[PDB]
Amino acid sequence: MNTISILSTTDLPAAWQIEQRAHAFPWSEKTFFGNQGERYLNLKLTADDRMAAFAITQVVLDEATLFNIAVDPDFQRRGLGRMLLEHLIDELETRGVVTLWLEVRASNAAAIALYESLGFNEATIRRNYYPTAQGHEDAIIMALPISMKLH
């Protein structure tokens, strides 16, 4: 069974492990441990025992930015990424958020296709935004409009 919950203090070491396993160029520890607290709606997905994924989001006004999503390699391509993303979107809609934003490596064909299938669109491109093992990569800036529902 899969259980999406808030990501709290106690959860951060497990997530930090996931951060370092799923990203070729992870955040720094300080940056990672610093993206919590006020205005963060941070979520984890638990599969049975293990934490399998996490997502870091910040809400300002009626827009949000997904700073980070990560499914641990052991748990990938099993639909948990989408599921977590879907829970987040529902949660942002109840919160009056109308636009979710994110950045993605231009060559992440996986992530892009996931986002596209969830309704994200390319807004703009930032050239050479990401480092690579041999230079830089473009960032695609993508916006998902979230329709307002009856409550």
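Numbers for residues come from their place in the sequence shown, where the first is 1.
In the deposited entry, the Cα temperature factor of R105 places it in the lowest third of its chain's modelled residues. In the deposited entry, the Cα temperature factor of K44 places it in the lowest third of its chain's modelled residues.
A15: CA B factor in the middle third of modelled residues in this chain (values from the PDB entry). The deposited CA B-factor of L7 belongs to the lowest third of values across its chain. Among the modelled residues of its chain, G96 has a C-alpha B-factor that falls in the lowest third according to the deposited record.
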